[PDB]
>>> print(open('my_file_2.tsv').read())   # TSV, C-alpha atoms
chain	number	residue	atom	x	y	z
U	700	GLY	CA	0.00	0.00	0.00
U	701	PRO	CA	1.08	3.68	0.28
U	702	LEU	CA	3.41	2.99	3.23
U	703	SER	CA	5.10	-0.12	1.83
U	704	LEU	CA	5.88	2.00	-1.30
U	705	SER	CA	7.48	4.81	0.81
U	706	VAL	CA	9.41	2.35	2.99
U	707	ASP	CA	10.80	0.70	-0.11
U	708	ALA	CA	11.41	4.07	-1.79
U	709	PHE	CA	13.26	5.25	1.36
U	710	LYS	CA	15.48	2.16	1.48
U	711	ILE	CA	16.49	2.29	-2.23
U	712	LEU	CA	16.84	6.05	-2.69
U	713	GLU	CA	20.62	6.34	-2.11
U	714	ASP	CA	20.53	9.97	-0.85
U	715	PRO	CA	24.27	10.41	-0.09
U	716	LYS	CA	23.29	13.98	0.85
U	717	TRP	CA	21.34	12.62	3.88
U	718	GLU	CA	22.47	9.07	4.66
U	719	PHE	CA	24.80	9.01	7.69
U	720	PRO	CA	26.96	6.07	8.93
U	721	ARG	CA	25.32	4.54	12.05
U	722	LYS	CA	28.86	3.86	13.26
U	723	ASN	CA	29.46	7.64	13.66
U	724	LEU	CA	26.33	8.28	15.77
U	725	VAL	CA	26.21	7.81	19.52
U	726	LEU	CA	22.84	7.87	21.27
U	727	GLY	CA	22.18	9.14	24.78
U	728	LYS	CA	19.34	9.98	27.17
U	729	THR	CA	15.72	10.40	26.07
U	730	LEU	CA	14.78	14.02	25.67
U	731	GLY	CA	11.09	13.01	25.39
U	732	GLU	CA	8.24	11.74	23.19
U	733	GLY	CA	6.70	13.51	20.20
U	734	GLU	CA	3.83	12.85	17.79
U	735	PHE	CA	5.19	9.52	16.36
U	736	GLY	CA	8.15	8.34	18.48
U	737	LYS	CA	11.11	9.07	20.76
U	738	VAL	CA	13.59	12.01	20.62
U	739	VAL	CA	17.03	11.25	22.17
U	740	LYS	CA	20.11	13.46	22.72
U	741	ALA	CA	23.00	12.23	20.57
U	742	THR	CA	26.47	13.02	19.21
U	743	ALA	CA	27.55	12.56	15.59
U	744	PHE	CA	31.13	12.25	14.37
U	745	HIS	CA	32.11	14.08	11.18
U	746	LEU	CA	28.52	15.23	10.48
U	747	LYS	CA	28.11	17.25	7.24
U	748	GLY	CA	31.67	18.64	6.93
U	749	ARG	CA	32.15	19.47	10.64
U	750	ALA	CA	35.32	17.96	12.12
U	751	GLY	CA	34.77	16.06	15.36
U	752	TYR	CA	31.58	15.42	17.31
U	753	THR	CA	28.45	17.54	16.95
U	754	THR	CA	25.70	17.23	19.53
U	755	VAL	CA	22.37	16.53	17.85
U	756	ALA	CA	18.83	15.25	18.43
U	757	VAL	CA	17.73	11.94	16.94
U	758	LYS	CA	14.10	11.01	16.30
U	759	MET	CA	13.23	7.29	16.22
U	760	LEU	CA	10.14	5.04	16.50
U	761	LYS	CA	8.90	4.10	19.98
U	762	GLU	CA	8.32	0.46	20.88
U	763	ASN	CA	5.32	-1.07	19.15
U	764	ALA	CA	5.23	1.57	16.43
U	765	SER	CA	2.12	1.58	14.18
U	766	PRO	CA	1.94	2.29	10.36
U	767	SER	CA	0.67	5.78	11.25
U	768	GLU	CA	3.82	6.50	13.32
U	769	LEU	CA	6.17	5.12	10.64
U	770	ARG	CA	4.34	7.16	8.04
U	771	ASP	CA	4.69	10.35	10.20
U	772	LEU	CA	8.46	9.72	10.68
U	773	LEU	CA	8.85	9.38	6.87
U	774	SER	CA	6.70	12.48	6.28
U	775	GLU	CA	8.87	14.53	8.66
U	776	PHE	CA	11.95	13.31	6.82
U	777	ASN	CA	10.46	14.20	3.39
U	778	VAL	CA	9.44	17.68	4.57
U	779	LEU	CA	12.61	18.69	6.48
U	780	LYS	CA	14.81	17.78	3.49
U	781	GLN	CA	12.99	20.51	1.47
U	782	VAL	CA	13.05	23.37	3.98
U	783	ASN	CA	15.76	25.71	5.23
U	784	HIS	CA	14.98	28.75	7.39
U	785	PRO	CA	16.59	30.12	10.58
U	786	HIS	CA	13.31	29.56	12.51
U	787	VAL	CA	12.75	25.97	11.41
U	788	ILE	CA	14.60	23.06	12.99
U	789	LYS	CA	17.35	21.79	10.68
U	790	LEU	CA	17.60	18.23	9.35
U	791	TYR	CA	21.18	16.89	9.22
U	792	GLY	CA	20.74	13.32	8.06
U	793	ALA	CA	19.26	9.88	8.58
U	794	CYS	CA	20.40	6.31	9.20
U	795	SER	CA	18.38	3.67	7.30
U	796	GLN	CA	20.67	0.86	6.27
U	797	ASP	CA	21.80	-1.23	9.27
U	798	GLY	CA	19.22	-0.92	12.09
U	799	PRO	CA	16.16	1.22	12.98
U	800	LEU	CA	15.37	4.30	10.96
U	801	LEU	CA	16.71	7.43	12.73
U	802	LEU	CA	16.46	11.07	11.77
U	803	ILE	CA	19.32	13.32	12.84
U	804	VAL	CA	18.15	16.83	13.59
U	805	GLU	CA	19.37	20.02	15.24
U	806	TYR	CA	19.56	19.96	19.04
U	807	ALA	CA	17.84	22.87	20.86
U	808	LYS	CA	19.57	23.78	24.13
U	809	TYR	CA	16.42	24.91	25.97
U	810	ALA	CA	14.02	22.18	24.74
U	811	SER	CA	10.38	23.08	24.07
U	812	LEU	CA	9.00	26.62	24.15
U	813	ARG	CA	6.31	25.21	26.44
U	814	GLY	CA	8.74	23.89	29.10
U	815	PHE	CA	10.96	26.97	28.76
U	816	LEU	CA	8.04	29.32	29.52
U	817	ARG	CA	6.71	27.27	32.43
U	818	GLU	CA	10.18	27.39	34.03
U	819	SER	CA	10.06	31.20	33.65
U	820	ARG	CA	8.23	34.23	35.08
U	821	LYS	CA	7.27	37.64	33.71
U	822	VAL	CA	9.06	40.75	34.96
U	823	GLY	CA	7.80	44.33	34.51
U	843	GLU	CA	13.28	31.04	37.29
U	844	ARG	CA	14.08	32.90	34.06
U	845	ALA	CA	13.01	36.55	33.69
U	846	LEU	CA	11.03	37.38	30.55
U	847	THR	CA	9.43	40.67	29.46
U	848	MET	CA	6.50	41.26	27.13
U	849	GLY	CA	9.21	42.24	24.59
U	850	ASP	CA	10.80	38.78	24.95
U	851	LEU	CA	7.36	37.19	24.39
U	852	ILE	CA	6.54	39.29	21.31
U	853	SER	CA	9.98	38.46	19.93
U	854	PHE	CA	9.28	34.72	20.34
U	855	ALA	CA	5.91	35.03	18.59
U	856	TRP	CA	7.43	37.10	15.78
U	857	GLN	CA	10.21	34.56	15.14
U	858	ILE	CA	7.60	31.80	14.88
U	859	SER	CA	5.47	33.95	12.59
U	860	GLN	CA	8.46	34.52	10.27
U	861	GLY	CA	9.06	30.76	10.09
U	862	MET	CA	5.41	30.21	9.25
U	863	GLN	CA	5.47	32.90	6.49
U	864	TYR	CA	8.26	30.87	4.86
U	865	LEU	CA	6.49	27.48	5.25
U	866	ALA	CA	3.22	28.95	3.95
U	867	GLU	CA	5.12	30.38	0.95
U	868	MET	CA	6.50	26.86	0.34
U	869	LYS	CA	2.88	25.62	0.20
U	870	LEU	CA	3.26	23.61	3.41
U	871	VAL	CA	0.70	23.31	6.23
U	872	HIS	CA	2.28	22.46	9.59
U	873	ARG	CA	-1.04	21.38	11.16
U	874	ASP	CA	0.41	20.88	14.69
U	875	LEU	CA	1.48	24.37	15.70
U	876	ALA	CA	1.69	24.56	19.50
U	877	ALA	CA	4.23	25.59	22.15
U	878	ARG	CA	5.28	21.93	22.67
U	879	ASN	CA	6.23	21.84	18.96
U	880	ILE	CA	8.45	24.96	19.06
U	881	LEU	CA	12.07	24.44	20.16
U	882	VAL	CA	14.19	27.08	21.95
U	883	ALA	CA	17.77	27.08	20.65
U	884	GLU	CA	20.96	28.86	21.70
U	885	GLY	CA	20.29	32.58	22.13
U	886	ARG	CA	16.53	31.94	22.59
U	887	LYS	CA	16.00	31.41	18.85
U	888	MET	CA	12.63	29.74	18.10
U	889	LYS	CA	12.70	26.71	15.79
U	890	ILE	CA	9.40	25.28	14.50
U	891	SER	CA	9.58	21.51	14.89
U	892	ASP	CA	7.55	18.27	14.68
U	893	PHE	CA	6.73	18.04	10.96
U	894	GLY	CA	5.25	14.52	11.25
U	895	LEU	CA	1.77	15.91	10.44
U	896	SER	CA	2.72	18.62	7.92
U	897	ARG	CA	1.37	18.27	4.35
U	898	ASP	CA	2.04	19.79	0.91
U	899	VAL	CA	-0.86	21.95	-0.38
U	900	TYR	CA	0.72	23.16	-3.65
U	901	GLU	CA	-2.09	21.76	-5.83
U	902	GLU	CA	-5.28	22.96	-4.14
U	903	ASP	CA	-4.09	25.12	-1.22
U	904	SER	CA	-5.85	22.78	1.23
U	905	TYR	CA	-5.21	19.40	2.82
U	906	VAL	CA	-8.26	17.21	3.45
U	907	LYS	CA	-8.45	14.01	5.41
U	908	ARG	CA	-11.40	11.61	5.42
U	909	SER	CA	-10.42	9.94	8.70
U	910	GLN	CA	-10.02	11.70	12.09
U	911	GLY	CA	-6.79	13.66	12.60
U	912	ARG	CA	-4.20	13.30	15.35
U	913	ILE	CA	-3.78	17.01	16.18
U	914	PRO	CA	-5.03	17.91	19.71
U	915	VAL	CA	-8.60	19.21	19.46
U	916	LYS	CA	-7.83	22.36	21.47
U	917	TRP	CA	-5.37	23.62	18.84
U	918	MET	CA	-7.52	22.85	15.78
U	919	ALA	CA	-9.37	25.41	13.63
U	920	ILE	CA	-13.15	25.10	13.59
U	921	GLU	CA	-13.21	24.05	9.93
U	922	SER	CA	-10.47	21.41	10.64
U	923	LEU	CA	-12.45	20.02	13.60
U	924	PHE	CA	-15.81	19.92	11.79
U	925	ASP	CA	-14.88	19.59	8.09
U	926	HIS	CA	-11.33	18.06	8.18
U	927	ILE	CA	-10.01	20.95	6.08
U	928	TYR	CA	-6.45	22.15	6.70
U	929	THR	CA	-5.07	25.31	5.12
U	930	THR	CA	-2.52	28.02	5.93
U	931	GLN	CA	-5.45	29.77	7.59
U	932	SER	CA	-6.01	26.78	9.92
U	933	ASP	CA	-2.29	27.10	10.82
U	934	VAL	CA	-3.07	30.75	11.58
U	935	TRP	CA	-5.79	29.62	14.01
U	936	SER	CA	-3.30	27.27	15.79
U	937	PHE	CA	-0.88	30.17	15.89
U	938	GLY	CA	-3.41	32.20	17.90
U	939	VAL	CA	-3.67	29.36	20.41
U	940	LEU	CA	0.16	29.38	20.44
U	941	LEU	CA	0.05	33.16	21.03
U	942	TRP	CA	-2.22	32.46	24.01
U	943	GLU	CA	0.24	29.81	25.33
U	944	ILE	CA	3.09	32.34	25.10
U	945	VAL	CA	1.21	35.22	26.72
U	946	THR	CA	0.20	32.87	29.60
U	947	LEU	CA	3.79	31.52	29.85
U	948	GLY	CA	2.65	28.06	28.79
U	949	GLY	CA	-0.89	27.87	30.14
U	950	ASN	CA	-3.19	25.01	29.13
U	951	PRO	CA	-5.73	26.21	26.48
U	952	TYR	CA	-9.44	26.24	27.37
U	953	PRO	CA	-8.50	25.38	31.02
U	954	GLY	CA	-10.92	22.96	32.65
U	955	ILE	CA	-13.05	22.43	29.53
U	956	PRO	CA	-13.08	18.79	28.22
U	957	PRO	CA	-12.01	18.56	24.51
U	958	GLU	CA	-15.38	17.12	23.37
U	959	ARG	CA	-17.07	20.36	24.50
U	960	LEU	CA	-15.14	22.31	21.84
U	961	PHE	CA	-17.56	21.35	19.03
U	962	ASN	CA	-20.47	23.21	20.66
U	963	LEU	CA	-18.32	25.92	22.27
U	964	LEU	CA	-16.72	26.91	18.96
U	965	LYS	CA	-19.87	26.66	16.80
U	966	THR	CA	-21.68	29.07	19.16
U	967	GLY	CA	-18.86	31.60	18.68
U	968	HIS	CA	-17.17	31.15	22.07
U	969	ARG	CA	-13.41	31.75	22.27
U	970	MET	CA	-10.89	31.93	25.08
U	971	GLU	CA	-11.15	35.07	27.22
U	972	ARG	CA	-8.39	37.67	27.38
U	973	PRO	CA	-5.82	36.19	29.82
U	974	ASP	CA	-4.11	38.31	32.49
U	975	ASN	CA	-1.00	40.33	31.61
U	976	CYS	CA	-2.25	40.66	27.99
U	977	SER	CA	-2.85	43.90	26.03
U	978	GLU	CA	-6.00	44.69	24.04
U	979	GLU	CA	-3.84	44.74	20.89
U	980	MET	CA	-2.48	41.25	21.57
U	981	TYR	CA	-5.95	39.83	22.36
U	982	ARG	CA	-7.42	41.42	19.24
U	983	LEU	CA	-4.73	39.52	17.29
U	984	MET	CA	-5.74	36.23	18.96
U	985	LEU	CA	-9.44	36.76	18.15
U	986	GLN	CA	-8.60	37.67	14.55
U	987	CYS	CA	-6.69	34.33	14.31
U	988	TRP	CA	-9.85	32.54	15.63
U	989	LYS	CA	-12.41	34.16	13.28
U	990	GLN	CA	-14.93	31.59	12.13
U	991	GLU	CA	-14.39	32.52	8.49
U	992	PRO	CA	-10.85	31.46	7.43
U	993	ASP	CA	-10.68	34.29	4.87
U	994	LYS	CA	-11.17	36.89	7.61
U	995	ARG	CA	-8.17	35.73	9.69
U	996	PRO	CA	-4.80	37.51	9.03
U	997	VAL	CA	-1.98	35.94	7.00
U	998	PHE	CA	1.38	35.31	8.67
U	999	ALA	CA	2.87	38.43	6.99
U	1000	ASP	CA	0.09	40.48	8.58
U	1001	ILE	CA	0.76	38.70	11.88
U	1002	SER	CA	4.49	39.51	11.73
U	1003	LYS	CA	3.65	43.16	10.91
U	1004	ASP	CA	1.25	43.38	13.88
U	1005	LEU	CA	3.82	41.91	16.25
U	1006	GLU	CA	6.72	44.15	15.05
U	1007	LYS	CA	4.47	47.18	15.66
U	1008	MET	CA	3.67	46.05	19.24
U	1009	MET	CA	7.41	45.54	19.84
U	1010	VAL	CA	8.40	49.09	18.75
U	1011	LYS	CA	5.31	50.77	20.30
U	1012	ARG	CA	6.25	49.42	23.75
U	1013	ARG	CA	9.74	51.01	23.74
>>> encode(input="my_file_2.tsv", output="structure tokens")
Amino acid sequence: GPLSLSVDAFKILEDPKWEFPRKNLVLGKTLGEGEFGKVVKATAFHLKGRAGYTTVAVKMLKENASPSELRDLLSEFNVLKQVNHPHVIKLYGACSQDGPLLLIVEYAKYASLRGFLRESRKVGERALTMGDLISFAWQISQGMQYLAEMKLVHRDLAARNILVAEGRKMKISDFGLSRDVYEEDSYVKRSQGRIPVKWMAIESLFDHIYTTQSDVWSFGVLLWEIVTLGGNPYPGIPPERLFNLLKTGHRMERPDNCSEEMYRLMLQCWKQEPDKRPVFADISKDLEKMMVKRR
């Protein structure tokens, strides 16, 4: 079927640009679990022209992997090979030939944006200002502008899927669910998706339609996570309630320590009509303005 074709494809495609000798890769502690498997800290010897060891992250399949997980791993590989942007995690290579499939990706020193924020506090624990927060959002927005221009939908935008690298540089990560929309500017799925309900656009949840504008909706939830320093969206509301809550035009309330400007941006991202929501370029412009207005 579709997966057996890809697995075979992936084993035969020589790809000397990506393939990396398993002998030169040394795996360490688990950094955690993502959408389709395990992420471990690792070190790679003579990776892509760099003399010596480079510390990296390696994604691999968890025990008892399903076809869905394998498919997601292969998808993430396929996507990351095509993209290069300072606010997108970098792919370095893969090992396919002599053991389990591994992807070798850039290591982020401060792990997930979510964990980094929750270990922080706002200042008028790490000390972050509203400037810091707007900066983070803007870097993510820039990355998304790029991916949207490549005709990619991420689909799983959330603070747990943003990495914080050296110098607090955001890197969009977890491309296991991302899909090419070059043809029709939409990705549609007959079966139920694997994106957390609370991050999904209303059209995605009801109609299984994914577009750049559904990414824009997830970005607003992400904005909310940032402004709350990694709060849990729709706190206390069970996910199944979202169908009725969204269709009756309810949205999250303005959180504390959040401007009117910032909240207006959130609500714009969550407009029922996808055409009314801003584009990422508009989002970046709105954030830049907030940044300079506050000085």
>>> atom_distance(input="my_file_2.tsv", atom1="CA of residue 810 in chain U", atom2="CA of residue 922 in chain U")
28.3 Å
>>> residues_around(input="my_file_2.tsv", residues="residue 1002 in chain U", least_positions_apart="5", cutoff="7 Å", atoms="all atoms listed in the file", output="MDAnalysis selection string")
chainID U and resid 856 859:860
>>> write_last_selection(input="my_file_2.tsv", atoms="C-alpha atoms", output="compact mmCIF listing (two decimals), keeping the file's coordinate frame")
# COMPACT_ATOMS: atom_id res chain seq x y z
CA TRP U 856 7.43 37.10 15.78
CA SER U 859 5.47 33.95 12.59
CA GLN U 860 8.46 34.52 10.27
>>> closest_residue(input="my_file_2.tsv", among="U:895, U:985, U:764, U:725", to="residue 968 in chain U", atoms="all atoms listed in the file")
U:985
>>> closest_residue(input="my_file_2.tsv", among="U:1012, U:982, U:878, U:916", to="residue 955 in chain U", atoms="all atoms listed in the file")
U:916
>>> residues_around(input="my_file_2.tsv", residues="residue 906 in chain U", least_positions_apart="3", cutoff="9 Å", atoms="all atoms listed in the file", output="PyMOL selection string")
chain U and resi 922+925-929
>>> write_last_selection(input="my_file_2.tsv", atoms="C-alpha atoms", output="PDB file, in the frame of the given file")
ATOM      1  CA  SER U 922     -10.470  21.410  10.640  1.00  0.00           C
ATOM      2  CA  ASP U 925     -14.880  19.590   8.090  1.00  0.00           C
ATOM      3  CA  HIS U 926     -11.330  18.060   8.180  1.00  0.00           C
ATOM      4  CA  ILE U 927     -10.010  20.950   6.080  1.00  0.00           C
ATOM      5  CA  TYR U 928      -6.450  22.150   6.700  1.00  0.00           C
ATOM      6  CA  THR U 929      -5.070  25.310   5.120  1.00  0.00           C
TER       7      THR U 929
END
>>> residues_around(input="my_file_2.tsv", residues="residue 866 in chain U", least_positions_apart="2", cutoff="10 Å", atoms="all atoms listed in the file", output="PDB file with C-alpha atoms, keeping the file's coordinate frame")
ATOM      1  CA  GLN U 860       8.460  34.520  10.270  1.00  0.00           C
ATOM      2  CA  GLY U 861       9.060  30.760  10.090  1.00  0.00           C
ATOM      3  CA  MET U 862       5.410  30.210   9.250  1.00  0.00           C
ATOM      4  CA  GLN U 863       5.470  32.900   6.490  1.00  0.00           C
ATOM      5  CA  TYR U 864       8.260  30.870   4.860  1.00  0.00           C
ATOM      6  CA  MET U 868       6.500  26.860   0.340  1.00  0.00           C
ATOM      7  CA  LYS U 869       2.880  25.620   0.200  1.00  0.00           C
ATOM      8  CA  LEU U 870       3.260  23.610   3.410  1.00  0.00           C
ATOM      9  CA  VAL U 871       0.700  23.310   6.230  1.00  0.00           C
ATOM     10  CA  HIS U 872       2.280  22.460   9.590  1.00  0.00           C
ATOM     11  CA  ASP U 898       2.040  19.790   0.910  1.00  0.00           C
ATOM     12  CA  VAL U 899      -0.860  21.950  -0.380  1.00  0.00           C
ATOM     13  CA  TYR U 900       0.720  23.160  -3.650  1.00  0.00           C
ATOM     14  CA  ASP U 903      -4.090  25.120  -1.220  1.00  0.00           C
ATOM     15  CA  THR U 929      -5.070  25.310   5.120  1.00  0.00           C
ATOM     16  CA  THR U 930      -2.520  28.020   5.930  1.00  0.00           C
ATOM     17  CA  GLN U 931      -5.450  29.770   7.590  1.00  0.00           C
ATOM     18  CA  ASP U 933      -2.290  27.100  10.820  1.00  0.00           C
ATOM     19  CA  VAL U 997      -1.980  35.940   7.000  1.00  0.00           C
ATOM     20  CA  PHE U 998       1.380  35.310   8.670  1.00  0.00           C
ATOM     21  CA  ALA U 999       2.870  38.430   6.990  1.00  0.00           C
TER      22      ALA U 999
END
>>> closest_residue(input="my_file_2.tsv", among="U:736, U:956, U:814, U:911", to="residue 943 in chain U", atoms="only C-alpha atoms")
U:814
>>> residues_near_point(input="my_file_2.tsv", point="(24.6, 11.2, 18.7)", cutoff="9 Å", atoms="only C-alpha atoms", output="number ranges by chain")
U: 723-727, 739-744, 752-757, 803
>>> closest_residue(input="my_file_2.tsv", among="U:783, U:962, U:853, U:904", to="residue 1004 in chain U", atoms="all atoms listed in the file")
U:853
>>> residues_around(input="my_file_2.tsv", residues="residue 819 in chain U", least_positions_apart="3", cutoff="12 Å", atoms="all atoms listed in the file", output="list in words")
residues 809, 812, 813, 814, 815, 816, 822, 843, 844, 845, 846, 847, 850, 851, 944, 945, 946, 947, 948 and 949 of chain U
>>> residues_around(input="my_file_2.tsv", residues="residue 715 in chain U", least_positions_apart="4", cutoff="12 Å", atoms="all atoms listed in the file", output="number ranges by chain")
U: 711, 719-720, 747, 791-795
>>> closest_residue(input="my_file_2.tsv", among="U:702, U:848, U:746, U:876", to="residue 950 in chain U", atoms="all atoms listed in the file")
U:876
>>> atom_distance(input="my_file_2.tsv", atom1="CA of residue 917 in chain U", atom2="CA of residue 935 in chain U")
7.7 Å
>>> closest_residue(input="my_file_2.tsv", among="U:799, U:973, U:967, U:885", to="residue 769 in chain U", atoms="only C-alpha atoms")
U:799
>>> atom_distance(input="my_file_2.tsv", atom1="CA of residue 751 in chain U", atom2="CA of residue 879 in chain U")
29.3 Å
>>> residues_near_point(input="my_file_2.tsv", point="(3.6, 6.2, 3.5)", cutoff="9 Å", atoms="all atoms listed in the file", output="JSON, numbers by chain")
{"U": [700, 701, 702, 703, 704, 705, 706, 766, 767, 769, 770, 771, 773, 774]}
